[PDB]
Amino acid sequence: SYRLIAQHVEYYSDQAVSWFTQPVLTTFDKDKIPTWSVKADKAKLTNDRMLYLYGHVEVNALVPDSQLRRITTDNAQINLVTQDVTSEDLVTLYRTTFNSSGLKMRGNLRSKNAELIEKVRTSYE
C-alpha cells in the first residue's frame, strides 16, 4: 500500500513504462500510517511493478518506532509487490545507534531490515 507523487510524468502505451520527474513515494501500513518516504531525481516504473530510482535516492522512516532512520544512495531498486529494496552502488545507512558505509545493499520495507554486502565501515570502529 503506497502513494506516488511526482512533478511531470510520461507514459508510453506500447512499452508499459512510466517516467517520473522528482518522485516522492510514501508507503502506508495496515492501520494506514505513513511509514517510509522514498524520493529521487528521476524514477522509472515497469508493468511488473519494479521501481527504478535514479539520482540522489533518499529513504526516510516516518515512524518513530524504527531503528533504521535513513538510507542514502545514488541508484536504487524497489519491488512494489515483495517490498524488497536493492542497490548496486555505494550505500550509507543511518540507524539510531550507529551509521554504516559499504558497497551493495539488500533490504525490505515491511521487515524494516537492511544489509550491506561489501567493504562495511561503521561509525563506532
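Just count from 1 along the sequence shown to find any residue number.
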Quick one: say whether 42-50 or 94-102 has the higher mean Cα B-factor in the deposited entry.
42-50
Could you check the entry and say whether 25-33 or 69-77 has the higher mean CA B-factor?
25-33
Binned into thirds over the chain's modelled residues, the C-alpha B-factor of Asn113 lands in the highest
Based on the entry's values, in what third of the chain does the Cα temperature factor of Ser13 lie: lowest, middle or highest?
middle
